[PDB]
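Only one chain is included here, represented as structure tokens and corresponding to the form deposited in one PDB entry.
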């Protein structure tokens, strides 16, 4: 019902090795955005998709199995509706004054310093963020929240990170 649609999409998408590569992901996402003329993008490029796959490849197989891919695709789905909803001037892009509302709608309450930092790294010189840049930021933000949580065993708001962990979390990303 729910997951018969989805079980099929995953099987067709993952193909012969039954996992979703960076390329397979790239291609489906560009296919989907083709159908939404209200999402401005210059396309999901390969290195952005390798980075989304790495940050979601928890068992480190190199590729996304069914659960990893399901988690990603349902997020992307929720986040696309948010992008459209908070693009309140229909630029096809999310600008600096739209960005807070959008992020907090996805459950990320950042502060001004952090918002500005995000815009500096993900938005263009006018301070606009296109759809691929938006999704790829969110995937990462979501992963880095969840890696913090996983490390904050005692719920102190402070984590201790050893150099091995640091290098794995930042490089396989």
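Note that the rigid core is defined as the largest set of C-alphas that superpose within 1.5 Å between two forms. Positions refer to the first chain, counted from 1.
The question of which stretch, 19 to 27 or 150 to 158, has the higher mean Cα B factor is settled in favour of 150 to 158. Legend: mean Cα B-factor per stretch from the PDB entry, 45 to 53 versus 121 to 129; the higher mean is in 121 to 129. In the PDB entry, a CA B factor belonging to the highest third of its chain's modelled residues is recorded for residue 108. The deposited CA B-factor of residue 66 belongs to the highest third of values across its chain. Residue 136: CA B factor lies in the lowest third for its chain, per the PDB record. Sort the chain's modelled residues by C-alpha temperature factor and residue 166 lands in the lowest third, per the entry.
Per the deposited record, the Cα B-factor of residue 59 falls in the highest third when ranked against the other modelled residues of its chain.
Form deposited in another entry: not shown, discussed below.
Relative to the superposed rigid core, the position of the CA of residue 41 differs between this form and the one not shown by 2 Å or more. When the rigid core is held fixed, the Cα atom of residue 86 travels 2 angstroms or more between this form and the one not shown. Once the rigid core is used as the reference frame, the Cα position of residue 22 differs between this form and the one not shown by less than 2 Å. In contrast to the form presented, in the other entry the C-alpha positions of residue 139 and residue 14 spread farther apart by 3 Å or more.
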